[PDB]
Amino acid sequence: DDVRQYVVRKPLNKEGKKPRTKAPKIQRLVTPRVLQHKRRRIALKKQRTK
RNA sequence: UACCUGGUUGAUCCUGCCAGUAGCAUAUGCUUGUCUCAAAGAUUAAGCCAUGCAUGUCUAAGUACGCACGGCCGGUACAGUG
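Residues numbered from 1 in each chain as written, not as in the entry; some residues may be left out. Chains lettered and ligands numbered in written order. Part of a larger assembly, values for the part shown. Heavy atoms only, no water.

Student: Outline the environment of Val-8, listing residues and values.
Tutor: When you line up the elements, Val-8 lands in the segment before β1 (10-12). Taking the relative accessible area as the measure of exposure, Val-8 reaches 66% and is therefore exposed. When the C-alpha positions of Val-8 and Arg-41 are compared, they lie 35 Å apart, and in sequence the two are 33 residues distant. Here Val-8 is in contact with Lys-22, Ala-23 and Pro-24, once residues within four sequence places are set aside. (Helix = DSSP H or I, 4+ residues; strand = E, 2+ residues; numbered from the N terminus. Buried < 20%, exposed > 50% of the residue type's maximum accessible area, 1.4 Å probe, protein only. Contact = heavy atoms within 4.5 Å.)

Student: Mind laying out the protein's contact with RNA strand B, listing which residues take part and the relevant values?
Tutor: Taken together, 19 residues form the shell around RNA strand B, and within it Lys-14, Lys-18, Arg-20, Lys-25 and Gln-27 come nearest. Sugar and phosphate atoms constitute 51% of the interface atoms of RNA strand B, taking the interface as everything within 4 Å of the protein. With respect to RNA strand B, the backbone of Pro-24 contributes an N or O atom lying 3.1 Å from a sugar or linking oxygen. Side-chain polar atom of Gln-27 to a phosphate oxygen of RNA strand B: 2.9 Å apart, as the coordinates give it. Looking at the surface near RNA strand B, the elements that each hand over two or more residues are β1 and β2 (20-22). Here the surface near RNA strand B takes three residues from β2, the largest share from any one element. (Near = heavy atom within 4 Å. Polar contact = N/O pair within 3.5 Å; in protein donor to acceptor, adjacent residues only side chain to side chain.)

Student: With reference to specific residues and values, describe helix α1 (residues 32-49).
Tutor: Taking 1.5 Å per residue as the helical rise, α1 with its 18 residues ought to reach 26 Å, and the 26 Å between its terminal C-alpha atoms agrees with that figure. Of all 18 residues in α1, zero are buried; the element is thus mostly exposed. (Expected span 1.5 Å × (residues − 1).)

Student: Could you give an account of a nonpolar patch on the surface, naming the residues involved and the relevant values?
Tutor: Taken together, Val-30, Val-34 and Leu-35 make up a surface patch of nonpolar side chains, about 250 Å² in accessible area. Positionally, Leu-35 belongs in helix α1. Using a relative accessible area of 44% as the deciding quantity, one classes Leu-35 as partly exposed. (Patch = residues over 30% accessible without salt bridge, like charges linked within 9 Å, V, L, I, M, F, W, Y side chains within 5 Å. Areas by Shrake-Rupley, 256 points an atom, 1.4 Å probe, with all protein chains shown as cover. Salt bridge = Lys/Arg side-chain N within 4 Å of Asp/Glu carboxyl O.)

Coordinates in, geometry out; function isn't part of it.
Next comes the structure, spelled out in structure tokens:
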């Protein structure tokens, strides 16, 4: 299941302002940056062994 | 600048101190136009203390769901500043 399509929203409404919705930032979420950080530090494990 | 001078006797020469002399530090008195630098609640009481201040801190890079403000363009995980 995709996790990011299941976040609750904040129905953010105040007078005079535009209608707004707001969502939190998901933590402990596997993203293409996290997987690059993991494989970068095994590129350092190989560099030291060489 | 490696220095003495007054005072014991009727007069002398001594011993010998007292007093004078110059600086330097704290206070104090009287006086004080300019300008440069500058010590400053140590001495008595390491006594007692109203009030204020003297220690806080965020970057691209720990954690942002405060509309606090704006803001995409509007299904759009999290724009951003915070």
